[PDB]
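Here it is, the structure in full.
By letter and in written order, the chains are A, B, C, D, E and F; residue numbering begins at 1 in each of them.
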Amino acid sequence: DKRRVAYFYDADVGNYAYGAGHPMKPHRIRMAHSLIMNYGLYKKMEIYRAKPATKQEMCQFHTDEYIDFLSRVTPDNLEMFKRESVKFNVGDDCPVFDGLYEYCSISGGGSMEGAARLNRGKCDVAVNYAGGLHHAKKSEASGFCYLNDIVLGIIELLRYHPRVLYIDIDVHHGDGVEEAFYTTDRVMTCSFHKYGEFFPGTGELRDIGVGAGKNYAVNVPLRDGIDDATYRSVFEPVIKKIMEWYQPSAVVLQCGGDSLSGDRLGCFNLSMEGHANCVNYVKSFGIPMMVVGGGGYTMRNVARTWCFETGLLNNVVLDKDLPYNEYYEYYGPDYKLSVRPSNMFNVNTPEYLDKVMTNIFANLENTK
Amino acid sequence: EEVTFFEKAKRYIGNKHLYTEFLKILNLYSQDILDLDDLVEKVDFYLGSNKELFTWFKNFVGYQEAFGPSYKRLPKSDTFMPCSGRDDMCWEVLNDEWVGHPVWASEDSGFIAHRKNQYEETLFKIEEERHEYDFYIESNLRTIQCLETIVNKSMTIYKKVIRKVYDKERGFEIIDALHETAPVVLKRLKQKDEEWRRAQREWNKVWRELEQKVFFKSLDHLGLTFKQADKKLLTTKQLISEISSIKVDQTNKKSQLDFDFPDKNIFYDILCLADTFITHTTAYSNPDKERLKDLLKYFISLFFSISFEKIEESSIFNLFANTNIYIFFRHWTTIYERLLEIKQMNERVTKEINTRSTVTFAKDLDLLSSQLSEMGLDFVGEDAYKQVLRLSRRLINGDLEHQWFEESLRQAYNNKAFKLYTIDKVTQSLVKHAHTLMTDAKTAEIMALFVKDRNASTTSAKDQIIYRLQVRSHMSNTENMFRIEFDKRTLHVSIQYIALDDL
Amino acid sequence: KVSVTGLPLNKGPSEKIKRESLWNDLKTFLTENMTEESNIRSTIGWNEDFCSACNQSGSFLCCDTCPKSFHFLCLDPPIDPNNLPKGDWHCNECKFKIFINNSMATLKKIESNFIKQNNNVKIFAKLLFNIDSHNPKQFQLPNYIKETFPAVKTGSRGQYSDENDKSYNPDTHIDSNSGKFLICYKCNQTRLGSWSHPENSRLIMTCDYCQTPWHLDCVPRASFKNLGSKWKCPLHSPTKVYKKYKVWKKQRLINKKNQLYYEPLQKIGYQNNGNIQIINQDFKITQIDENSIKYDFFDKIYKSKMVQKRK
Amino acid sequence: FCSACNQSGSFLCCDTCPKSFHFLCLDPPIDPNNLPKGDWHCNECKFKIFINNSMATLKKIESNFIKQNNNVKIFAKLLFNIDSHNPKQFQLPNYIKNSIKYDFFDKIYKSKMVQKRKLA
Amino acid sequence: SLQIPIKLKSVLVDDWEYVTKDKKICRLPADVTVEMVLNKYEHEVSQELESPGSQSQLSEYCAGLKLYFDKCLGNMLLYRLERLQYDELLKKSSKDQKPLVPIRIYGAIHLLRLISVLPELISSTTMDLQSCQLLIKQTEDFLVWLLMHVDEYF
Amino acid sequence: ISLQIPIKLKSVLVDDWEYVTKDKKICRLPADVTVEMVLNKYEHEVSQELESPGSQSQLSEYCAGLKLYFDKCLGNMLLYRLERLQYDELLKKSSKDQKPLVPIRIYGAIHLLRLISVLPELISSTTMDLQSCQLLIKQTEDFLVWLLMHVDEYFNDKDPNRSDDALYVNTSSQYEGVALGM
């Protein structure tokens, strides 16, 4: 394909942190950058620093009260906001730290600027790993997410494109993005997630949409221990059929590392290559794409996967020997660019997946 | 035919409590409370496995928005909330009515978290400490760089840095003074950075040695629990249950179990392991060891017709057996299948181990483990299959610990050889089952009849009946029999479970 | 101070941890000189631990004359927490007992209110007077309505509860009551698998209402049910129907004392709801018998056949 | 007074209830000379002792009779009550002045003949 | 209640006058008895019903009407001046030792009075509101059919 | 003491309990038919039948007393905990326009039904005489019979996800969080 790649990075994004024991850390974004520059990928990409988002730009999706609470809340004065903390779920589930608003603005500005560069034709691939918060919904924090920057980026994309595809390969259901566009045919959301007694609670096979957006929401509920050979056998046919029938003008891809083997919260068994195969397959279609990096709670694995995927977007295959970045001590015994799957058992039988794909293909008939 | 549909459905359903619900559904349809679609879907759930009755029913009755379970509709009053930056297109495409909220989708109960082993927890703790040290050091370094840029010639970072350095609660006054003392904070921060970096070096050493031992254990899931599950699931009852289940499934719709042996060197490897255990074990007398070796060699040479001379220096056939011989054969097949699985990846794993490159920037220089290299448990050269066999022989002898054997297998096969952790116990059980095949009169007579039949090589159809009748005469009248069929053209084994069908 | 390592963050080795955890293509510095500002956005031009009203946890506004604490909303009228009363606060009964409760002459005041309301209402005057001495209290059904339905129970918080509220493991395929194998209704197989090949087995569920067993792959489903409502297999009556709209709901279960039964004499065409039984006067349960159901079904099929063939 | 035609003549007196009936105004009629030579009860006051003393309890005989006469079920509650009333003269209404499958198959068979001959 | 046509009311009053004033009891079993009328009704009406449930209802109604005319004839469906005649019939049935079938003795005059007081009998029962309507509808249909064939019966 | 409620009304009350405490639904306020309208229709339909003034003035007295008791006790004992926030909002909407809140003109027919369900306990916790209790119970039972007659036009069953004019509405997360968390 030989696309031109815009890459967004803010050097201050890594200086914000959640609580002491909180699994979600922006530091991995600082790590994936350190590999990317040390592999020499800056010679193939255009590196930008997006202007942070403003309150009015955030309020295109969220409410004024929620955004106003986010711009005022502080760990010091949390006791003065007792009704808003339960309104917006910014208490114990999603904590409040020192750099919440600037981090949210950085993420949203990155996503919106990437979408804007895709609109103007400046590039054909926009990369923003700070983005990808796919859980916040317009009035409340959810799943460690406080601002849905994917929705803002898709809104910026809809000003030039008739149809936009959104693909989610995180273990969690993309509840915020699916809910935001649940009644429209302009945006088609497709999620591959673990369904059961898992956090998003939503993402059933019968959640195809409401109203004009009926049949424009696809959910693939999977089981524990899925591996690369099965994940790709599910992912390629569904995405191919969506591409032929929905025919999107642009695609957003949330590359969350929650599906990698060895994650704290995830329960999948995907290696680095099985996770990057999805990005390669989506890139092989030729339409404009925006890659965002969402979940992931093992920094050494998600950073390596993001660096490998960024290399793949630049039409190169990176060497398996690390280039001695700053955080060299994080990368285990062999110090290789690889993520090793475990020997855990796969409970995704071919019959269950066959039934799921049959249902999805039956629903997809009414999108062309 | 319309008159007999109800009794047909009654017979097919096979239960009264379900036929009652079927009649209730039919009644609901008969009172104009159910449209035809729900009736057809319910009768699909009832008689859909049958293909003729369902089609007949559909052609008789003349069959010729879908809300999701995880979305509610809010009242329009609670919809208009001021979004200042929203536009006409934004109002057009964004959804404000339907809401999902996982808590409702959780049925107000909660979510189940994924179980994690202790090695993963240790890895998480190491990562947490690394992240804390790096976060503090980098934040201090960025504040230092900004301060140097100020002195020599993006809001909360410096404030939180100087609030962390000054914990006396006086730090706010220092921030105020900074807004109106730059060298003072400069020299304080540089010293903090230096001491934190030294502590980070020492902790990095400690963390490296700690992680470098539990990393491979963290990725082993089925292996950790393995050597308790193998003991519980490799019993006679489990195998009988498996074959009985296969037979029951077949009868609800002569070759219950199928085995294919594509290699014969594995037989010699299993014989070598068995002989090693027999020589080592202090559980049999001196003549009994020779008797066990002779039994094993004779059985393997007679059943599979491999050889009789090279084996000790290294036309379908049928066997009617009781539980003992079946269990012995199942143990042999278990060992063979495990060794075959570890052997068919010989070339790939051997190439990986030999062509395993190392990083030159810091891996070769500083951060390496010769721990497995100090005991020769690194598989350099020493072809992986033969090295695994040698280590298994060492473990059987007793001069190798289980921990180091498992660790070498984990690091050499990427946790794909976890099923060999019990090779010693499986070999011991195979030897014990070979022994009980000697010290039982009935089993000895059955084995003698099998030897006579196998060596006859020219028998009529009566070989199928009179041989089975004689074996049953040597057998009891209540417990099971198994028919093991061997084909030499492709070396194929078929096991049939004749519980009492011979009576 | 103390960090996650348990050390002041400046020490390092921690000798005990040492003994426990031991055996015995350019850099990033050029990222500050190659980031072009991107500002081409199209939008860039812009005493008790519970509540005396509901008996539940949470933040409370306490009283001083008694050990009773109320929620801010569990109060008449509700009080906004930001606009604190900022003064001596009591509940209704404390105010009444401090200010009005003269027990020797209270009856005279009640009679005065009685005669004051005698012009309009005297059957409720005592009830109206009895309302100022009571604190707010959450509504609950008065314990003789719940007992009418022997399937409804009260949860810990007082909410409605009904009878729908509750590696390789081969023993789940065994009944354990008779030693037989659990045979799936859809496929007529148990699919036990084997220890050699644990991927040949299928998970089985054994529905909680009629005890019939199903495979997770035969009924489309991903995981087991362990926390939410009880699982019900697809072999049951809907008990709630939307007919094109009109809503039909099956009657609740009544205690057998008031559960009236009746057998009609018509037995061929008899309009009943889905409240039947195969063998105050608004909850009759018709006893219908199987032959009548057969005749009704055949009648409906034949009548619809004529209705369509007339056209 | 004969409580069947409400006229006068030679009656048959009762014992438990103060009622008098004619010898011919009975079902079945009795020869006037042929006395019962014992205890005689009319249609009433004989079902009363039948249901209050000999059988077990009230409202159970009716169910048994209805179940027994399930072949004619719409008239069961009338057939049960017909054997409880004394005979009366016919006064004007005052406003004039495997046995189941055989039936199932026969019903379907006749119904389908009607269907076919009506269609064409 | 029941909707009895005016002509059938006139026939009933004519019979009342012909029995209670000028005593002219009709002859012993006539050419058309209740059984013949009921079988011909069930035979000629069943050929115009397309529903098996309606066929079962019609058959059950006819059988119940026969079995109810058996036990009600001598009870309350005869005038006093006729009872003696009934008695003699009974005596004949006693002498010959042949069972009595009153469906095949009385006919087309005594079935009409049988469905003339049915609302009274139904009201003195505990039947539900839904089966009584079916009985009334069946009796009305039979009354209309009998009024259609009046010149050849009575 | 003892109140004879028809079984269908008990089913209605249990359905209300299930909707509020399990489905997290509330009432669509202001109601289409309020308590005042129901009581006015009952009084007009019943008083127009009988003619004795002694039995006619008692009906008006009963209706007026019922209205007063509802107005005085709805904010105290007739609301579940989830509904209270909604109540508070109404009060604010009442306080911003200087209009006092009159609950018999907002709530209707389902809060009256649950008003006359704890009347035995309210009567028991008083010093009332015997024949007054008998009269109150008789009037309440007559009203309950009348309401059971007109049950289909006051308690319909339509899903909030399908009809905008149902009796119940779904609550949002921002509402439920404040209601059951603060």
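What we mean here is this: a residue touches a chain if its C-beta (ideal position, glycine included) is under 8 Å from a C-beta of that chain, and two chains touch if they have at least 3 such contacts.
Composition by chain, UniProt nomenclature: A = Histone deacetylase RPD3.
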item: Nearest-to-centre chain - CA centroid comparison; value: C
item: Chain A and chain B: spacing of chain centres that average the CA atoms, whole Å; value: 29
item: Distance from chain E to chain C - Cα centre to Cα centre, in angstrom; value: 63
item: Rounded Å distance between chain A and chain F, as computed from the means of their C-alpha atoms; value: 50
item: Multi-partner residues of chain A (at least 2 other chains); value: 20-21, 56-57, 60, 82-83, 139, 159, 196-197, 323, 345
item: Shared-contact residues (touching 2 or more other chains) in chain E; value: 50-52, 56, 60, 127, 131, 134
item: Overlap residues in chain B, where contacts from two or more other chains coincide; value: 2, 67, 85, 99, 103-104, 106, 110-112, 128, 132, 207, 222
item: Every chain pair meeting the contact rule; value: A-B, A-C, A-F, B-C, B-D, B-F, C-D, C-E, C-F, D-E
item: Chain E - residues contacting chain D, complex; value: 4, 9, 12-13, 16, 46-52, 55-56, 59-61, 63-65, 67-68, 71-72, 74-80, 83-84, 86-87, 90, 113, 116-117, 119-122, 124-127, 131, 134-135
item: Chain A residues touching chain F - in the complex, by the definition given at the top; value: 82-83, 86-89, 139-140
item: In the complex, chain D residues that touch chain C; value: 66, 73-74, 76-77, 100, 104, 108, 111, 115, 119
item: Touching residues on chain B, where the partner in the complex is chain D; value: 2-3
item: Partner chain A, residues of chain C touching it in the complex; value: 4, 25-28, 30-32, 34-44, 46, 59, 81-82, 167-168, 198-199, 202-203, 216-217, 220, 222-223, 226-227
